[PDB]
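Student: Just coords_34.cif, nothing more (mmCIF, C-alpha atoms):
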```cif
data_upload
loop_
_atom_site.group_PDB
_atom_site.id
_atom_site.type_symbol
_atom_site.label_atom_id
_atom_site.label_comp_id
_atom_site.auth_asym_id
_atom_site.auth_seq_id
_atom_site.Cartn_x
_atom_site.Cartn_y
_atom_site.Cartn_z
ATOM 1 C CA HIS A 19 -1.878 -11.435 -9.768
ATOM 2 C CA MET A 20 -5.643 -11.844 -10.338
ATOM 3 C CA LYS A 21 -8.620 -11.363 -12.613
ATOM 4 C CA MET A 22 -12.333 -10.665 -12.443
ATOM 5 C CA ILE A 23 -14.845 -12.667 -14.461
ATOM 6 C CA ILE A 24 -18.282 -11.319 -15.393
ATOM 7 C CA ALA A 25 -20.099 -14.235 -17.043
ATOM 8 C CA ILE A 26 -23.542 -13.541 -18.468
ATOM 9 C CA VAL A 27 -25.157 -16.942 -18.704
ATOM 10 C CA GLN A 28 -28.678 -18.143 -19.451
ATOM 11 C CA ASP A 29 -30.959 -18.754 -16.467
ATOM 12 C CA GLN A 30 -31.825 -22.312 -17.314
ATOM 13 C CA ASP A 31 -28.090 -23.069 -17.243
ATOM 14 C CA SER A 32 -27.389 -20.914 -14.149
ATOM 15 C CA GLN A 33 -28.373 -23.555 -11.597
ATOM 16 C CA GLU A 34 -25.784 -26.062 -13.016
ATOM 17 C CA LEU A 35 -22.987 -23.533 -13.509
ATOM 18 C CA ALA A 36 -23.486 -22.397 -9.922
ATOM 19 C CA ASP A 37 -23.150 -25.998 -8.698
ATOM 20 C CA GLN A 38 -20.250 -26.907 -10.990
ATOM 21 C CA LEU A 39 -18.209 -23.809 -10.104
ATOM 22 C CA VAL A 40 -18.254 -24.978 -6.504
ATOM 23 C CA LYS A 41 -16.925 -28.394 -7.544
ATOM 24 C CA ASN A 42 -13.974 -26.690 -9.246
ATOM 25 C CA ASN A 43 -13.136 -24.428 -6.311
ATOM 26 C CA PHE A 44 -14.487 -21.257 -7.847
ATOM 27 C CA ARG A 45 -15.919 -18.778 -5.376
ATOM 28 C CA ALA A 46 -18.568 -16.888 -7.347
ATOM 29 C CA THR A 47 -21.496 -14.515 -6.772
ATOM 30 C CA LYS A 48 -24.832 -14.545 -8.594
ATOM 31 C CA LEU A 49 -26.525 -11.245 -9.414
ATOM 32 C CA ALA A 50 -30.243 -12.070 -9.979
ATOM 33 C CA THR A 51 -31.549 -11.022 -13.425
ATOM 34 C CA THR A 52 -34.204 -12.019 -15.965
ATOM 35 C CA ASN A 60 -30.488 -13.850 -18.164
ATOM 36 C CA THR A 61 -28.505 -14.267 -14.901
ATOM 37 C CA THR A 62 -25.160 -12.550 -14.284
ATOM 38 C CA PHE A 63 -22.202 -14.022 -12.405
ATOM 39 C CA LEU A 64 -19.140 -12.464 -10.787
ATOM 40 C CA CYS A 65 -15.980 -14.395 -10.009
ATOM 41 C CA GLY A 66 -12.495 -13.270 -9.100
ATOM 42 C CA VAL A 67 -10.082 -15.999 -10.122
ATOM 43 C CA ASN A 68 -6.330 -16.278 -10.277
ATOM 44 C CA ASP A 69 -4.306 -14.994 -13.234
ATOM 45 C CA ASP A 70 -3.545 -18.573 -14.283
ATOM 46 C CA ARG A 71 -7.016 -20.092 -13.763
ATOM 47 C CA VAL A 72 -8.804 -18.181 -16.559
ATOM 48 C CA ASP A 73 -8.681 -21.086 -19.030
ATOM 49 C CA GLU A 74 -10.146 -23.429 -16.410
ATOM 50 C CA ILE A 75 -13.205 -21.360 -15.510
ATOM 51 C CA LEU A 76 -13.906 -20.607 -19.197
ATOM 52 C CA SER A 77 -13.974 -24.334 -19.837
ATOM 53 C CA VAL A 78 -16.481 -24.792 -17.028
ATOM 54 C CA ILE A 79 -18.766 -22.072 -18.289
ATOM 55 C CA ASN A 80 -18.678 -23.496 -21.833
ATOM 56 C CA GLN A 81 -19.312 -27.094 -20.791
ATOM 57 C CA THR A 82 -22.287 -25.882 -18.757
ATOM 58 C CA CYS A 83 -23.736 -23.221 -21.035
ATOM 59 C CA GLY A 84 -23.580 -22.006 -24.623
ATOM 60 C CA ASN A 85 -24.979 -22.738 -28.102
ATOM 61 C CA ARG A 86 -25.729 -26.501 -27.886
ATOM 62 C CA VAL A 112 -30.079 -23.571 -27.527
ATOM 63 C CA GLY A 113 -28.002 -21.800 -24.819
ATOM 64 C CA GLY A 114 -25.475 -18.947 -24.972
ATOM 65 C CA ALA A 115 -22.762 -17.508 -22.716
ATOM 66 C CA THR A 116 -20.900 -14.181 -22.828
ATOM 67 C CA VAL A 117 -18.022 -13.516 -20.445
ATOM 68 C CA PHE A 118 -15.640 -10.633 -19.750
ATOM 69 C CA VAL A 119 -12.164 -10.964 -18.194
ATOM 70 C CA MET A 120 -11.164 -7.823 -16.358
ATOM 71 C CA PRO A 121 -8.028 -6.604 -14.637
ATOM 72 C CA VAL A 122 -7.843 -6.309 -10.835
ATOM 73 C CA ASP A 123 -5.465 -3.834 -9.222
ATOM 74 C CA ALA A 124 -5.931 -5.106 -5.672
ATOM 75 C CA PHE A 125 -7.544 -8.006 -3.813
ATOM 76 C CA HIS A 126 -8.270 -7.968 -0.114
ATOM 77 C CA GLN A 127 -9.652 -10.574 2.223
ATOM 78 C CA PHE A 128 -10.930 -9.497 5.664
ATOM 79 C CA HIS B 19 -7.605 9.225 -11.324
ATOM 80 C CA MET B 20 -10.132 6.762 -9.836
ATOM 81 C CA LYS B 21 -10.926 3.228 -8.761
ATOM 82 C CA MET B 22 -13.847 0.836 -8.543
ATOM 83 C CA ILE B 23 -14.545 -1.200 -5.419
ATOM 84 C CA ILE B 24 -16.522 -4.454 -5.479
ATOM 85 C CA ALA B 25 -16.959 -5.440 -1.824
ATOM 86 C CA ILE B 26 -18.648 -8.759 -1.120
ATOM 87 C CA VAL B 27 -19.860 -8.453 2.440
ATOM 88 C CA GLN B 28 -22.116 -10.559 4.647
ATOM 89 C CA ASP B 29 -25.804 -9.622 4.733
ATOM 90 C CA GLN B 30 -26.055 -9.222 8.461
ATOM 91 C CA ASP B 31 -23.274 -6.627 8.209
ATOM 92 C CA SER B 32 -24.647 -5.000 5.019
ATOM 93 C CA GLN B 33 -27.142 -2.730 6.776
ATOM 94 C CA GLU B 34 -24.345 -1.103 8.904
ATOM 95 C CA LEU B 35 -21.793 -0.835 6.096
ATOM 96 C CA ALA B 36 -24.441 0.842 3.954
ATOM 97 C CA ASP B 37 -25.107 3.394 6.716
ATOM 98 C CA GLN B 38 -21.450 3.938 7.619
ATOM 99 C CA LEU B 39 -20.342 4.458 4.006
ATOM 100 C CA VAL B 40 -22.737 7.385 3.838
ATOM 101 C CA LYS B 41 -21.181 8.903 6.967
ATOM 102 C CA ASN B 42 -17.766 8.782 5.286
ATOM 103 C CA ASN B 43 -18.928 10.338 2.021
ATOM 104 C CA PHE B 44 -18.853 7.149 0.005
ATOM 105 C CA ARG B 45 -21.444 6.941 -2.742
ATOM 106 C CA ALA B 46 -22.129 3.220 -3.129
ATOM 107 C CA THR B 47 -24.647 0.869 -4.762
ATOM 108 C CA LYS B 48 -26.027 -2.354 -3.291
ATOM 109 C CA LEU B 49 -26.668 -5.312 -5.586
ATOM 110 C CA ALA B 50 -29.179 -7.569 -3.734
ATOM 111 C CA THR B 51 -27.920 -11.145 -3.179
ATOM 112 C CA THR B 52 -28.352 -14.046 -0.752
ATOM 113 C CA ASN B 60 -24.166 -12.563 0.755
ATOM 114 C CA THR B 61 -24.765 -8.974 -0.474
ATOM 115 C CA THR B 62 -22.541 -7.280 -3.062
ATOM 116 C CA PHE B 63 -21.544 -3.612 -3.098
ATOM 117 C CA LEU B 64 -20.186 -1.334 -5.816
ATOM 118 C CA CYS B 65 -18.344 1.895 -5.106
ATOM 119 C CA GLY B 66 -16.221 4.122 -7.292
ATOM 120 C CA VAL B 67 -13.822 6.009 -5.057
ATOM 121 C CA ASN B 68 -10.864 8.258 -5.669
ATOM 122 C CA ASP B 69 -7.366 6.903 -6.311
ATOM 123 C CA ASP B 70 -6.244 8.144 -2.892
ATOM 124 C CA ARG B 71 -9.290 7.069 -0.845
ATOM 125 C CA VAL B 72 -8.785 3.287 -1.177
ATOM 126 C CA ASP B 73 -7.211 2.892 2.276
ATOM 127 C CA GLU B 74 -10.106 4.795 3.857
ATOM 128 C CA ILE B 75 -12.945 2.716 2.420
ATOM 129 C CA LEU B 76 -11.080 -0.540 3.179
ATOM 130 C CA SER B 77 -10.861 0.550 6.794
ATOM 131 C CA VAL B 78 -14.603 1.168 6.856
ATOM 132 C CA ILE B 79 -15.435 -2.200 5.383
ATOM 133 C CA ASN B 80 -13.141 -3.973 7.872
ATOM 134 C CA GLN B 81 -14.433 -2.126 10.930
ATOM 135 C CA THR B 82 -17.970 -3.019 9.860
ATOM 136 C CA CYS B 83 -17.511 -6.559 8.586
ATOM 137 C CA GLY B 84 -15.036 -9.430 8.681
ATOM 138 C CA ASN B 85 -13.895 -12.336 10.883
ATOM 139 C CA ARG B 86 -14.750 -11.053 14.403
ATOM 140 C CA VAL B 112 -18.195 -14.633 12.689
ATOM 141 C CA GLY B 113 -18.284 -12.288 9.644
ATOM 142 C CA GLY B 114 -16.145 -12.086 6.492
ATOM 143 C CA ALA B 115 -15.468 -9.530 3.747
ATOM 144 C CA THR B 116 -13.847 -9.896 0.314
ATOM 145 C CA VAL B 117 -13.155 -6.829 -1.813
ATOM 146 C CA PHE B 118 -11.672 -6.145 -5.249
ATOM 147 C CA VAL B 119 -10.028 -2.870 -6.335
ATOM 148 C CA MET B 120 -10.327 -2.338 -10.059
ATOM 149 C CA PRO B 121 -8.991 0.196 -12.523
ATOM 150 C CA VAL B 122 -11.285 2.783 -14.144
ATOM 151 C CA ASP B 123 -10.411 4.263 -17.525
ATOM 152 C CA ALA B 124 -13.100 6.947 -17.479
ATOM 153 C CA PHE B 125 -15.640 8.476 -15.095
ATOM 154 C CA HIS B 126 -18.573 10.556 -16.224
ATOM 155 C CA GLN B 127 -21.232 12.426 -14.327
ATOM 156 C CA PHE B 128 -24.383 13.564 -16.175
ATOM 157 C CA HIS C 19 -10.201 -3.941 -28.115
ATOM 158 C CA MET C 20 -13.184 -3.395 -25.776
ATOM 159 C CA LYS C 21 -14.616 -1.647 -22.749
ATOM 160 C CA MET C 22 -17.080 -2.235 -19.940
ATOM 161 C CA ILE C 23 -19.701 0.341 -18.999
ATOM 162 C CA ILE C 24 -21.297 0.489 -15.544
ATOM 163 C CA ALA C 25 -24.020 3.142 -15.801
ATOM 164 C CA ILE C 26 -25.890 4.012 -12.621
ATOM 165 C CA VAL C 27 -29.096 5.595 -13.826
ATOM 166 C CA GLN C 28 -32.320 6.644 -12.125
ATOM 167 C CA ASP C 29 -35.160 4.109 -12.101
ATOM 168 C CA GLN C 30 -37.736 6.341 -13.685
ATOM 169 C CA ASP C 31 -35.349 6.735 -16.631
ATOM 170 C CA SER C 32 -34.285 3.051 -16.673
ATOM 171 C CA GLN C 33 -37.237 1.811 -18.724
ATOM 172 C CA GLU C 34 -36.406 4.249 -21.616
ATOM 173 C CA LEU C 35 -32.638 3.739 -21.517
ATOM 174 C CA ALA C 36 -33.221 -0.010 -21.653
ATOM 175 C CA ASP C 37 -35.411 0.408 -24.752
ATOM 176 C CA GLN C 38 -33.175 2.977 -26.451
ATOM 177 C CA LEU C 39 -29.984 0.949 -25.951
ATOM 178 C CA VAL C 40 -31.596 -1.825 -27.960
ATOM 179 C CA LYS C 41 -32.362 0.604 -30.793
ATOM 180 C CA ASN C 42 -28.674 1.543 -30.941
ATOM 181 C CA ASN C 43 -27.403 -2.037 -30.944
ATOM 182 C CA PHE C 44 -26.169 -2.029 -27.378
ATOM 183 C CA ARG C 45 -26.390 -5.366 -25.611
ATOM 184 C CA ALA C 46 -26.805 -4.474 -21.936
ATOM 185 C CA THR C 47 -27.769 -6.104 -18.627
ATOM 186 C CA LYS C 48 -29.892 -4.565 -15.874
ATOM 187 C CA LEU C 49 -29.017 -5.274 -12.246
ATOM 188 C CA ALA C 50 -32.214 -4.556 -10.223
ATOM 189 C CA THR C 51 -31.744 -1.921 -7.481
ATOM 190 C CA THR C 52 -33.746 0.700 -5.580
ATOM 191 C CA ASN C 60 -31.459 3.603 -8.467
ATOM 192 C CA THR C 61 -30.990 0.896 -11.151
ATOM 193 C CA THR C 62 -27.560 -0.259 -12.341
ATOM 194 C CA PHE C 63 -26.637 -1.231 -15.898
ATOM 195 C CA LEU C 64 -23.763 -3.238 -17.360
ATOM 196 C CA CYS C 65 -22.689 -3.011 -20.981
ATOM 197 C CA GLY C 66 -19.576 -4.177 -22.768
ATOM 198 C CA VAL C 67 -19.108 -2.011 -25.835
ATOM 199 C CA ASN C 68 -16.368 -1.612 -28.386
ATOM 200 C CA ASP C 69 -13.332 0.606 -27.794
ATOM 201 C CA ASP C 70 -14.628 3.091 -30.370
ATOM 202 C CA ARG C 71 -18.314 3.126 -29.354
ATOM 203 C CA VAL C 72 -17.857 4.790 -25.935
ATOM 204 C CA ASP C 73 -18.892 8.256 -27.150
ATOM 205 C CA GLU C 74 -22.050 6.810 -28.710
ATOM 206 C CA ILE C 75 -23.374 5.009 -25.637
ATOM 207 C CA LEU C 76 -22.559 8.009 -23.402
ATOM 208 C CA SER C 77 -24.677 10.153 -25.688
ATOM 209 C CA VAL C 78 -27.554 7.704 -25.354
ATOM 210 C CA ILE C 79 -27.371 7.617 -21.590
ATOM 211 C CA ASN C 80 -27.285 11.432 -21.400
ATOM 212 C CA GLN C 81 -30.171 11.976 -23.811
ATOM 213 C CA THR C 82 -32.220 9.510 -21.768
ATOM 214 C CA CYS C 83 -31.183 10.402 -18.232
ATOM 215 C CA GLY C 84 -29.461 13.150 -16.268
ATOM 216 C CA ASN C 85 -30.116 16.558 -14.671
ATOM 217 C CA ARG C 86 -32.986 17.916 -16.835
ATOM 218 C CA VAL C 112 -34.653 16.194 -12.157
ATOM 219 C CA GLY C 113 -32.672 13.073 -13.214
ATOM 220 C CA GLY C 114 -29.000 12.108 -12.836
ATOM 221 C CA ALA C 115 -26.620 9.561 -14.375
ATOM 222 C CA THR C 116 -23.185 8.334 -13.258
ATOM 223 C CA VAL C 117 -21.172 6.003 -15.476
ATOM 224 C CA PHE C 118 -17.801 4.250 -15.277
ATOM 225 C CA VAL C 119 -15.722 3.111 -18.275
ATOM 226 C CA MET C 120 -13.534 0.163 -17.403
ATOM 227 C CA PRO C 121 -10.830 -1.791 -19.179
ATOM 228 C CA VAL C 122 -11.443 -5.355 -20.404
ATOM 229 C CA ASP C 123 -8.544 -7.768 -20.797
ATOM 230 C CA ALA C 124 -10.528 -10.468 -22.588
ATOM 231 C CA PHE C 125 -13.945 -10.995 -24.173
ATOM 232 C CA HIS C 126 -15.382 -14.392 -24.952
ATOM 233 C CA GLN C 127 -18.565 -15.467 -26.649
ATOM 234 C CA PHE C 128 -19.742 -19.088 -26.273
#
```
Write out the structure in this file as structure tokens.

Tutor:
Amino acid sequence: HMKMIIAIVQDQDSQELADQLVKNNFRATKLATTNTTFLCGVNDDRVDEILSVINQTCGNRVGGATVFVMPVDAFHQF
Amino acid sequence: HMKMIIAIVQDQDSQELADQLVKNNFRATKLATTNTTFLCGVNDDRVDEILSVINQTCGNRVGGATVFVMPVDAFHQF
Amino acid sequence: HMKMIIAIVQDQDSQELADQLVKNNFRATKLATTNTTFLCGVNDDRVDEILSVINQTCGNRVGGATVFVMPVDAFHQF
């Protein structure tokens, strides 16, 4: 099935996460906020991959990321 | 029980979805983004209805909608 | 485990909820909207506390709050 990622990432590191998610085939949506918030539905078995991306891009290096992995009952694509 | 809809819809079609959701008694919230993102808690047995609305308003006609249906453990109304 | 709160609160009462959540050790994120929308992952056994806060701050006194409590499969903190 599928999952929903809500990754709260720092704004300075938002630019590069946004670019690098694209390069890893991750379709994501940025909710503007000032500390930017991302939304990304990924496959059940691609959770470890996206978490790696978010960590390599942002976190305590300075930095800091907090992400939630949430269940999805249904996915539709019109 | 209840569900949560996260419908990522195109901005040109956001205006009309926003209006038409009201006409179908769907209380929804628009998170501004440029590709706008909607949030809408609907009843367990009104998922098919709202999906119809979103499709009739937006999708590949040009267009394109992507929606997630997510479980809700509790709903409160103060 | 943990939960995710999506609290749709009125804008006039958003300022004070935002301040008072901090005073109760609730790390939350505000998604700008005009009727503002909040996001807050809290512990499994701190749902009653945050609901109290939201009610004391906003609701029908004038007012009005609507909140969803949603399951979280995984929480990560980089």

Student: Find the residues of chain B in contact range of chain C, meaning any atom within 9 Å when counting all atoms listed in the file, and list them as a PyMOL selection string.

Tutor: chain B and resi 22+47-50+66+120-128

Student: Can you tell me, as JSON, the centre and edge lengths (Å, one decimal) of the axis-aligned box enclosing all of range 45-69 of chain C's listed atoms after padding each side by 4 Å?

Tutor:
```
{"center_x": -23.5, "center_y": -1.3, "center_z": -17.0, "size_x": 28.4, "size_y": 17.7, "size_z": 30.8}
```

Student: Go ahead and compute the interatomic distance for CA of residue 74 in chain C and CA of residue 44 in chain B, in Å to one decimal.

Tutor: 28.9 Å

Student: Just the number, please: distance in Å from CA of residue 41 in chain B to CA of residue 71 in chain B, one decimal.

Tutor: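 CA of residue 41 in chain B sits 14.3 Å away from CA of residue 71 in chain B.
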
Student: Could you work out how far CA of residue 43 in chain A lies from CA of residue 70 in chain A, giving the answer in Å with one decimal?

Tutor: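 A separation of 13.8 Å between them.
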
Student: How would you write, as a PDB file with C-alpha atoms, in the frame of the given file, the residues chosen by the PyMOL selection byres ((chain B and resi 36) around 10) on this structure?

Tutor:
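So out.pdb came out as:
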```pdb
ATOM      1  CA  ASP B  31     -23.274  -6.627   8.209  1.00  0.00           C
ATOM      2  CA  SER B  32     -24.647  -5.000   5.019  1.00  0.00           C
ATOM      3  CA  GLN B  33     -27.142  -2.730   6.776  1.00  0.00           C
ATOM      4  CA  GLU B  34     -24.345  -1.103   8.904  1.00  0.00           C
ATOM      5  CA  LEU B  35     -21.793  -0.835   6.096  1.00  0.00           C
ATOM      6  CA  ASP B  37     -25.107   3.394   6.716  1.00  0.00           C
ATOM      7  CA  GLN B  38     -21.450   3.938   7.619  1.00  0.00           C
ATOM      8  CA  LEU B  39     -20.342   4.458   4.006  1.00  0.00           C
ATOM      9  CA  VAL B  40     -22.737   7.385   3.838  1.00  0.00           C
ATOM     10  CA  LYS B  41     -21.181   8.903   6.967  1.00  0.00           C
ATOM     11  CA  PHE B  44     -18.853   7.149   0.005  1.00  0.00           C
ATOM     12  CA  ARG B  45     -21.444   6.941  -2.742  1.00  0.00           C
ATOM     13  CA  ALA B  46     -22.129   3.220  -3.129  1.00  0.00           C
ATOM     14  CA  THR B  47     -24.647   0.869  -4.762  1.00  0.00           C
ATOM     15  CA  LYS B  48     -26.027  -2.354  -3.291  1.00  0.00           C
ATOM     16  CA  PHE B  63     -21.544  -3.612  -3.098  1.00  0.00           C
ATOM     17  CA  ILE B  79     -15.435  -2.200   5.383  1.00  0.00           C
ATOM     18  CA  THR B  82     -17.970  -3.019   9.860  1.00  0.00           C
TER      19      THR B  82
END
```

Student: Hey, which of C:75, C:19, C:67, C:28 ends up closest to residue 42 in chain C? Count only C-alpha atoms.

Tutor: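 Nearest to residue 42 in chain C: C:75.
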